[PDB]
Structure formats: structure tokens, C-alpha cells
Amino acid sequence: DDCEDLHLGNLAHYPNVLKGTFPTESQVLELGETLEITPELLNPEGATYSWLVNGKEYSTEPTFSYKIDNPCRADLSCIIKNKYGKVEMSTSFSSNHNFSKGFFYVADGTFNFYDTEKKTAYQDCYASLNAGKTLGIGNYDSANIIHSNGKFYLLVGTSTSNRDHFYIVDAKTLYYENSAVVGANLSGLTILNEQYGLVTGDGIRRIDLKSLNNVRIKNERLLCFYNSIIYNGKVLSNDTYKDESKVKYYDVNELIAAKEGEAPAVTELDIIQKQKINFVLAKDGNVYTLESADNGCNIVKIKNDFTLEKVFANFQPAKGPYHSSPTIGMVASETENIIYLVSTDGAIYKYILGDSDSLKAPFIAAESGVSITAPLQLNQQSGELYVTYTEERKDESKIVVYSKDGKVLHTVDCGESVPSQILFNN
């Protein structure tokens, strides 16, 4: 087979890459694996390489080595150049990861993933899966996310006007879908249904969850739904972080139909609030919130007909001092008649609907000089409670994952960056 058919003397002078020495199909690797591509040149003398990861030059080496140490997806090009010509091959690579095997946590202005099976944290999964895209959440900015319709709807509360404030991120994959401008200093987000949401902060804005156009329905300086919920065709809102205010509700259909400036009717419920507190849908099918009282708080049951049942809790609820400080929110179980809530000392109470005895002592005791600085989250499949703690004196935050029985299962070190929210991909 000496000199017969194809040989070097008849195959051009630009780089000649041997077949199969560069992937012809998209690569899928496990977390921890390394992608290695070593193109073999028939004529390698004087050749130079350029490896582009998502269009950005990563290497000039004749062999590509890239550790898949984070959930990612990337486009890969290889430009091989010599005196006589330039050749370019392209492929793509991604990690074989499962975002069902743990939870996302919003810290240092991005989506981070913690695997409860591997006990491993992956920082800034949003960038590595979206070609370096950022969500632009600065230190003095807020991230308000609602997981609905299999999407993460993010509202950035920022003083910058000419930037995207509202983002749609796929909840299962963490893939960016769309984003748009709404307005500066807007930190109140409500998802009404599959088609519409509400953005509050300077009154009420309806946002179309497909086109991302918004209509300013009500214009009221500093009017913000710090917390809200959809219940029996109404939007229940918490619009205070300090001042005495009552829970107010709006009609979902009136909010959907309202034209620019047509402020909708607002009705008050006999629920005095003097701080940020959320609304939780409990296993009894009712909505619960808290009412501010002199020597504690009241766990308020909001029935379908919007009548109220109130149970006194001899403890003050956890609170942040500023407009920017997040809601130290409650969390309800979907499988048990339970609500977890945080006292002002950093203790967790497990309220058992209808039984006021469950409020006589904390479920999880407080630790001195340690406070709970984010809303509670619960894993509805295991019953695991995710609590965000901050050591006041050193500014070191952690996510502690407790079992149904209150035993520590995981500790996620977050350092100087406080996680604001915990999300699931399902």
C-alpha cells in the first residue's frame, strides 16, 4: 500500500486533521470528567491552534483539556492555522447533571446548586450553562424569584433604569429564556397565572409572561407587595416592612383587565402588619400569615370566604430592619398539617394547625449570636427544612438542612454572601 491512492503529497498544504481526531458529535461528560481533544495533523509543522469556548479563546495548545467541574453547556471551535491556510471545526459539550438531586440557592447574585447526594456545591451554575451571562444582581440589589409554570421568574430590585429587571429562566435546566426592562426600584413580584404576573414597587404593573410588556395600572409611590399570594381569585398582599398596615387584596380578573391608570379596587382584611411577612398555603387548603401583636404575634388562618381564625403565639416574629432586608418567611408542608416559622431570636417553631401546644417551645432552638437571615424552605418529598443562618459578629452565612426530626443533614458554607432564596428544579 506504498504511495497508492491518498498520501501527503496530494492533500493541500493547509492543516490536515486525521478523521475522528476531533469530535463529529456533541459531547456529554459526567461531573468530574475532563474533555480532551487532541487533533492529529498529517502535516503538523508550523501549525498554531485556537480553541474557542462559547466564541472566547480558551487555549492555543495543540490539545484541548477542560475539566467538567461544574454543570455546563458550551460551543467549541478549533481553528488550526499554518503558512498556507486556516481550518475550523466545531462541536459542543455539556455535563450530564441532574438538578433534581438537591436544590438551587441564590447567593452572590447568581444561581448556585447544592447536591444533597454528593454533598457538593456548584457555584454560579447560571454563567457556566449560559455562556457567561449574568443576572446583574449587585450588593445593594434584591433578587425576587417565583418558581411557577416550570420557570424561575426573577425581578431585580435595582436603582438602574435602562437594564433588564425581569428574567425568565427555565427551572429544570437553568437556561435563560427571556428578559426585559420594567423599571428601577421594583422588588415586588406576583405570578397571577400562566399568562400574567405583577410587578410592584411604585404602584402596580401587570407584566405579560410571554411578550414581557408591562402596563402601569396603579401609580402609588413606594407601593410594593413585599409578599403576595393568589387565593380564591384574589391577590393577598403584605405591603409593609415597618409602618402599621393591613393585609390588602385585589381581584385577579380586575388586575388582568385593567388598562393603564385604571387603579383596581383594594379591600383590607383585619390583619395588622408592622413588618414583612409572607402568605403560605397550608395542607388544610387555607392561607396563613401573621398579625403583629403587643406581646407576640397571631397566626392568622384565611379561609376561602376570607373569614379569619387567629391563634396567639407568645413570641415575636423574625424581621429585617430595612426596605431591602428580605422576608424571614414561613414555610408550609404539603404532606403534613405543619407551618415552620422563625422567632426574632433565631428559633424555629413547628406550628401544627389547630394545636396551640406546638407553639409552647421551639422545634429548633436558637443559637446566641446566630440569626436566620432568609425565608425558610422545605423539601416537600423528604420533609427536610432549609434554614439560612448568619454569624452576626463575623458575617459568615450557612444553609443548614434539617431532617423532619430536626437533625442536621447538610451544611452549605456561603461565606460573606448571604443566600436570599432556595429553589427546586421540579
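Counting begins at 1, following the sequence as shown.
Here 320-328 and 112-120 are compared by their mean Cα B-factor, and 320-328 comes out higher. Relative to its counterpart among 348-356 and 200-208, 348-356 has the higher mean temperature factor, C-alpha atoms as listed in the PDB entry. Looking at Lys310, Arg73, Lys83, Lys234, the one whose CA carries the top B-factor in the deposited record is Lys83. Among all modelled residues in its chain, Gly188 ranks in the lowest third by Cα B-factor.
Per the deposited record, the Cα B-factor of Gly138 falls in the middle third when ranked against the other modelled residues of its chain. Among the modelled residues of its chain, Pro375 has a C-alpha B-factor that falls in the lowest third according to the deposited record. Annotation for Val247: CA B-factor lies in the middle third of the chain's modelled residues. Among all modelled residues in its chain, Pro264 ranks in the highest third by Cα B-factor.
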